[PDB]
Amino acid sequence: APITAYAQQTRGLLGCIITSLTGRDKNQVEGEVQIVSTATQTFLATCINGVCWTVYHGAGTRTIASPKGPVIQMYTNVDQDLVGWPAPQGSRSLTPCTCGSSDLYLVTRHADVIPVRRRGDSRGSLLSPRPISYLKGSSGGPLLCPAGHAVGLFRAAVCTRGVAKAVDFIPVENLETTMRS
């Protein structure tokens, strides 16, 4: 089976603001990647091995709204640009890659999986360059190897006059390290 994905909006602006302030979200959770939002920006969080990871430059040091109130971060690594909370009850976790593949696939917030060629521990080139506008909102999303295993989390794009030619990611390795710190 090839990599396919679909997205579902679970809540709207106003319901999002209320939940943000209250910290109590009773909605049912499903999926490996959650579309996440703050009152200032929206991005993605990826559940890998029981932990819901995301990009520090999006979540900052905030708590995640849950059905039992706000949940404090499990890991915060300003340097690795990582933060992680216990994966919400109901989400499914990805498992780290163990095949050293150089053919990666990026999953965007619009549930599109675009191929990227690994060209370093943190960079991979888009086989088909796309407008930066396409990647907006996808930071924290996953980069899977052909087996559908976590290779890294999208962190920033390498834009050239508005077109994304490559991407910077946080390889799974930095996660284990962040957990050991």
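Numbers follow the displayed sequence, beginning with 1.
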Checklist entry - Would 2 to 10 or 172 to 180 have the larger average of its C-alpha temperature factors, as given in the entry? => result 172 to 180
Checklist entry - For the C-alpha atoms alone, is the average B factor greater in 41 to 49 or in 115 to 123, going by the entry? => result 115 to 123
Next on the checklist: Take the CA temperature factors straight from the PDB entry and tell me which of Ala87, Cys97, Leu104, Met74 peaks.
Outcome noted: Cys97
Item to check | Selection from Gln34, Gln28, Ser66, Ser139 [criterion: highest C-alpha temperature factor in the record] | outcome: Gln28
Next on the checklist: Which third, lowest, middle or highest, does the C-alpha temperature factor of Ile132 belong to within its own chain?
Outcome noted: highest
Checklist entry - Within this chain, which third does the Cα B-factor at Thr108 fall in: lowest, middle or highest? => result lowest
Item to check | Chain thirds of CA B-factor: placement of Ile17 | outcome: middle
Checklist entry - What third of its chain's C-alpha B-factors does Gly148 belong to: lowest, middle or highest? => result highest
